[PDB]
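As a starting point, one isolated chain is supplied in structure tokens, in the form deposited in one PDB entry.
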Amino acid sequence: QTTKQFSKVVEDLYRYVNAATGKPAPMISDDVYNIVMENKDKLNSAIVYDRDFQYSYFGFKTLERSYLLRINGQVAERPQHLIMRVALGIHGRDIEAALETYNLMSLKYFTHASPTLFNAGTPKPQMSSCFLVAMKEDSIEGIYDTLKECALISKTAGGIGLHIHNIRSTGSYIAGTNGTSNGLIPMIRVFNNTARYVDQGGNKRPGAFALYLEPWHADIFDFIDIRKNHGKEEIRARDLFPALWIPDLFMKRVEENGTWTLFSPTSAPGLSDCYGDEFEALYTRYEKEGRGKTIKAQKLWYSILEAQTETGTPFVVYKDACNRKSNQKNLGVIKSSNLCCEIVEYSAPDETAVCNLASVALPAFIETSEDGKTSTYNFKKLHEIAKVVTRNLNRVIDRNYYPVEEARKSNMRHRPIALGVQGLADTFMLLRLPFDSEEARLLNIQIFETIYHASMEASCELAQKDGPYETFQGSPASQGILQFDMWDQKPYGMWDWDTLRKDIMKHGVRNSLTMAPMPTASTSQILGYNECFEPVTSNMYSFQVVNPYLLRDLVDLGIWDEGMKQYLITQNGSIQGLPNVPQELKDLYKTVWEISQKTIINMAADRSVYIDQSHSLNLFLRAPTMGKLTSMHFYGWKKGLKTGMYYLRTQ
């Protein structure tokens, strides 16, 4: 019920015409069509259609539902065809690299983020997932230009993070009239409205932008409350996500139980265009000068926590930790993260930051291969594959179709890239390692060091062929200061950092950033592994499937029965305090709510030194409480995390 020969499938796709309209609607690009036809034999015979049986029933139905291209609502592309198309879309004329990417992706070593999977090798190749946008100016012209931009971006795949620190707060003065300003909320309501009007890619799910405000902005209280399902209606913005861009001085005032001061950006200019001490200097001076409204820090705090407890938002991202520890610091002051709090990239009115994403599948490197029946981890294959994905994401930068000029400007200047991971929890389980074990802690550090090292090396090789990126000179990287150096730490040492730093100083790197582990929400589901780097949330998930690693074990112990089936549904996928189940299994299959959030922050802190950018650290709290949240926020803060919190997931 789908044509088999690949080039025949391309033919159809490429020759498509929309019957309702009589318009030719080719779904393959010219340049990719040509490549395919010019190499039809090599390409056709390289595919291995058994590999379609690598996908779980749920894995495949995800692919089927919205990934594999359709001709008149009918799926016309086999999973292998999707992959082959992707590999071509990325690799163009370089058939060898294409062919390499094909095998590895089909073998499920890694995958590319959804935009790539959707649009690679199609005429409008928009393979980018992230856009961080700057509010252009505190004017009606600036506001509507940015609005126009978000709409144009939203037309295609990819989420937006938008920062709005420069917008005049409620009641602020306006030259030329006696009218006074209305603040962020009415304006937020405009963005929200545009988010709902512009389809993403052309389908069901709404626009969703994330909004970045620094907690001193005079409209903060309402801003943080944007997602509440009560109060009024016209004070909310229920399709957007508030994200706090928090400076240390705030955390400090909260801790010391002191005061916080709210400014309108026009009474207190420059607050967001600096960080660390210069910021505190400037902020304290403005406070002295009575340009704002002072209140007790802990009153803002307490509000911030109420919102997180109810909505899981705002997210928290530490402005200082982000700017102090960015390889982009030479470009200027970074003003926001993105929609999923993983990207940390400079943006300006004329530079909208972009990022391409792929995820290495960590389980694929477990080989129970030595002799007996221990497993090891093949960190050599991890390095190799990590290098390939680096090269891929880099190719994507050039072949990408940018939705707006400020995106193309930004990407061609700095070439940031984003690697991350899926199936950490799987690797751990397969390796008989409890998520909170000293062994798992070692493995985390190790996996991440090796990806960072790999991608930095592969990027170094690139710089050697195509020159460093335009803005390499002046970077921490160009001075020998890599990610972990900015954490005042020594790398674990599994790889040779001296030689790499040596080369990097000599030849540069092609990419300003490389690592930003992301949520993997849908691309982990295709491959059949757990979300990114978080532990399982349940052993039962939901049409209800028992954890295959758990299940396997329950059988070998001849204890899997009806009570064991139904207990898992009762106890929502938890095996703790369950009568006939060994301590080994109990430790290994703790749900995420059963692991200390201190351990999570620890391992997050551990891998963070090999992360160029940030990672989407979700927090999970079972029995939620002000004080409990407070110690999780501050704990992470002091660890020097960038993304202190993505969602607060609860119940």
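Only residues modelled in both forms are compared. Here the rigid core means the biggest group of C-alpha atoms that line up within 1.5 Å when the two forms are laid on top of each other. One rule holds for the numbers: they count along the sequence shown, beginning at 1.
Omitted here: the form solved in complex with a partner chain. The next part is about that form.
J.: Among 597 to 605, 37 to 45, 54 to 62, 583 to 591, which stretch sits within 4.5 Å of the partner chain in the bound PDB entry, heavy atoms only?
T.: That would be stretch 597 to 605.
J.: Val9 versus the partner chain, in the bound PDB entry: is there a non-hydrogen atom within 4.5 Å?
T.: Because no heavy atom of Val9 falls inside 4.5 Å of the partner chain in the bound PDB entry, the answer is no.
J.: Flag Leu641 as yes or no: does it have a non-hydrogen atom within 4.5 angstroms of any non-hydrogen atom of the partner chain in the bound PDB entry?
T.: Taking the distances in the bound PDB entry, the answer for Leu641 is no, it never comes within 4.5 Å of the partner chain.
J.: Quick one: with the rigid core lined up, which of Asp398, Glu141, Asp350, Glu370 moves its CA 2 Å or more between the shown form and the other one?
T.: The answer here is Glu370.
J.: Only counting residues present in both forms, give the runs of 3 or more in a row whose C-alpha shift is 2 Å or more between the shown form and the other one, core aligned.
T.: Shifted segment: 370 to 373, the only one.
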